[PDB]
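Next comes just one chain, in structure tokens: the form solved without this ligand.
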């Protein structure tokens, strides 16, 4: 076995000095560094730059990319069931058994859903045994695709670092027993999606590459109505749709604009699986600014929000403005809900910001439905905000 530790030492020497330095710090403060890596991209650009952990994040990200796997590789790691929207225990940590009912409940929870995974993670290439740290009843067994970065490193111990940046689906669950304790082993696969996170510049380059010629693919009517929408017409259009105007106060002029915009959005569908971000107001989830349920600093309010929305479909009667970037912006500075949407390839949509005028905007079609996979929370100063992991569904 001693060759494995020596091989980790060999990989260590592939790294730049600044990367080794970041790795040394990780060894000492892995918990907080990993935590930072998961939610770093939700802040303002100037906040990201300012953060004391940002430079080390960038070096460690680079370090992992120095060692890319040549074929697909299976990895093991433990995960809290909460990560997959199972907001209760599979079993208590002093129990040996997991009930068959609990197995079926977990299965029902994860079926046919994609879950976004992010941040640094320590993994093993081998099934954990007695002696290994097994802090949860849920063991992930994940297939990483070819060319994934994987960084073996020494700490008496040897570990392997990856950086997650993809969605996973759980294909099959199985009961396994280790040292008399029962565990759910979840067999999982990676589903890729273009996700620019905080790098709005690279996202912009993509958007323009893919939509600079979009305006010229539109009919005069479609272009006129798209231009109208972008100049400020969206207020009238979206309020009309939200209030059920087509039914209770019809406006055939507005209806025609809506039809043209929908058609414009279907003209050049989103060409790849794409992640986008919306800072959502309370009204989109049936709340108000004054609602006490909108105060996520209280854990009861998070639990209630999660119970209401996780697993459910969120419907928008109006057109949905999103960004290709996850950063906070001054226009929606105080909004407490970040909707993180995976757009399946072939979906209606367009990068509006390809038309000169205004930021980083992707518009999605009115009447769109989003399956909420998982809700997580993070602190923005003293304010808890939520990240809603959603999939656009046909």
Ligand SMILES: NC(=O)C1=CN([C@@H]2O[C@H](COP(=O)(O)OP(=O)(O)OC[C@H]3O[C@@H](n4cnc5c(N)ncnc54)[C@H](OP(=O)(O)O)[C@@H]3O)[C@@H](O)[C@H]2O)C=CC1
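Positions refer to the first chain, counted from 1.
Notably, residue 157 is an intermittent gap: at least a third of the other compared entries of this protein, restricted to those modelling both its neighbours, have no coordinates for it.
In the other compared entries of this protein that model both flanking residues, residue 42 has coordinates in every one, well short of a third left out. Going from residue 358 to residue 359, the model skips 1 to 3 deposited residues, which lack coordinates.
The gap between residue 212 and residue 213 holds no unmodelled residues of the deposited sequence. Here 108-116 and 271-279 are compared by their mean Cα B-factor, and 108-116 comes out higher. Between 290-298 and 251-259, the higher mean Cα B-factor belongs to 290-298.
Per the deposited coordinates, the residue with the largest Cα temperature factor out of 64, 331, 339, 327 is 331.
Across the residues 314, 200, 223, 265, the deposited record lists the maximum Cα B factor for 314. Per the PDB record, residue ranking by Cα B-factor puts residue 128 in the highest third of the chain. Residue 70: CA B factor in the highest third of modelled residues in this chain (values from the PDB entry). Per the PDB record, residue ranking by Cα B-factor puts residue 386 in the lowest third of the chain. Annotation for residue 9: CA B-factor lies in the highest third of the chain's modelled residues. In this PDB entry, residue 162 carries a Cα temperature factor that places it within the lowest third of its chain's modelled residues.
Not on display, but discussed next: the form deposited with this ligand bound.
By the 4.5 Å heavy atom rule, the three marked residues 344, 371 and 373 all fail to count as contacting this ligand in the entry with it bound. Looking at 330-338, 44-52, 28-36, 57-65, the stretch with residues near this ligand in the entry with it bound, meaning non-hydrogen atoms within 4.5 angstroms, turns out to be 330-338. For the chain shown alone, residue 233 is not a contact residue for this ligand in the entry with it bound, no non-hydrogen atom being within 4.5 angstroms.
Contact annotation: residue 321 falls within 4.5 Å of this ligand in the entry with it bound, judged by heavy atom distances. Proximity of residue 147 to this ligand in the entry with it bound: non-hydrogen atoms within 4.5 Å are absent; the residue sits far from the partner.
Not displayed here, this ligand is approached by residue 277 to within 4.5 Å at the level of heavy atoms in the entry with it bound. 281 is the sole member of 311, 281, 119, 271 with a non-hydrogen atom within 4.5 Å of this ligand in the entry with it bound. Between the options 174, 242, 73, 224, the residue in contact with this ligand in the entry with it bound by a heavy atom within 4.5 angstroms is 242. Along 357-383, one residue reaches a heavy atom to within 4.5 Å of this ligand in the entry with it bound: 361.
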